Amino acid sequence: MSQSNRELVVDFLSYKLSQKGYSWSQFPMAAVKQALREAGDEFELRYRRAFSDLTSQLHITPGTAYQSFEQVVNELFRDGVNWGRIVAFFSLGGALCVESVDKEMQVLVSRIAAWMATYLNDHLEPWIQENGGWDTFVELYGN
């Protein structure tokens, strides 16, 4: 969870930055990572401009505090956690990183990654573990 989730977060954000033409330099595991990269693409394919509201409600800057990030992300989980919402959470972080690079605030990329790992470990792992762990995630989204 600790380092594990951190690595998962960094992998997803690096993937998204790479995929969209940006640098990722400011930074069964292999199976979890692949299932998550793919799940995110699927989500973004069928949910365009998904987080306009949220990112807009956040408009991150180098002075933004974790609490503001936490408060906004909590919105995705108004009705609790589920796999689709966890995938949205990853896509949202990816969108925030892209937005940060576009605003010439690449310094926020590693910060967003830390915030995501903290949020994942604190609010999401409880549910994930109760529902099969990442193995169940791979089982549902893998291949």
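All residue numbers refer to positions in the sequence shown, first residue = 1.
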property: Residues of the deposited sequence that sit between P28 and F27 yet are not modelled; result: 10 or more
property: Entry-level comparison of average CA B-factors, 109-117 and 51-59, reporting the higher stretch; result: 51-59
property: Between the two ranges 84-92 and 38-46, the one averaging a larger CA B factor in the entry; result: 38-46
property: Third of chain Cα B-factors occupied by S68; result: middle
property: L76 - Cα temperature factor, lowest/middle/highest third of chain; result: middle
property: Modelled-residue ranking by C-alpha temperature factor, third containing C97; result: lowest
